[PDB]
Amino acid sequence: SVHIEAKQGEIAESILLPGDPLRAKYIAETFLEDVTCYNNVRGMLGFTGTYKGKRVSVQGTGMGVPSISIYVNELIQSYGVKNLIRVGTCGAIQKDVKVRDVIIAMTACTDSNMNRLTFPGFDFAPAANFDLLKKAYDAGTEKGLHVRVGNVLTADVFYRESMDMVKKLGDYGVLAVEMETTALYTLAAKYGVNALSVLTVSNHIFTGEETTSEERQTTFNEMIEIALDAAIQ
């Protein structure tokens, strides 16, 4: 496809979608066997391998609705991908959401215009695939993680001049901010395929708490395991 140099058949039907291509590399090297790298266009690494005997892929998406939309469109339309699980990070809005919690997004709010252009006059609420959601929830519960299922904000702007509206969204139960889920869920629904976002809380937006990858590595690894485990079902 335009942004992926893989041949037909090189990408598995189940795929994990980290934002960071170097996390795709980490995931492939850490969890998968019989790995190949099928893409390096724009440095946006993608790999296919095997996990507990089942083929699965992992593809960086970049940051933001427009970037992930490019990759998700191509994966679905050109490579026949059927199950897409974003595995990423997010920033907690609410005090009761803690760093290292795992959030499974039921739906996402957004300040993107992408859906207003498609459905003029409507608020489109992008929805996770429930069967994937339940599988991931059950796996995370069994794994011993703190798992929160709820609403997130998909933001276009990481650096917002005022966080007043983000605070207000927190007062309406929104758990955390990230930059991709609306697009993944909307496009998966458009094409009749299955999507989910499983997120590690890496920072808290108002307290200023932050982590390095190493400082959340054990939680992150466990989260990747549940995302894979849902995928292989």
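A residue's number is simply how far along the shown sequence it sits, counting from 1.
For the two regions 219 to 227 and 205 to 213, the entry's Cα B-factors average higher over 205 to 213. With 87 to 95 and 128 to 136 compared on mean CA B-factor from the PDB entry, the stretch scoring higher is 87 to 95. When the C-alpha B-factors of 112, 78, 118, 162 are read from the PDB record, the largest value belongs to 162. When the C-alpha B-factors of 154, 151, 73, 141 are ranked from the entry, the top spot goes to 141.
In the deposited entry, the Cα temperature factor of residue 199 sits in the bottom third of values across the chain's modelled residues. Residue-level temperature factors show residue 53 in the highest third of its chain, judged at the C-alpha atom. When all modelled residues of the chain are sorted by CA temperature factor, residue 31 is found within the highest third. Split the chain's modelled residues into thirds by C-alpha temperature factor. Residue 170 is in the middle one.
The entry lists a Cα temperature factor for residue 188 that places it in the lowest third of the chain's modelled residues.
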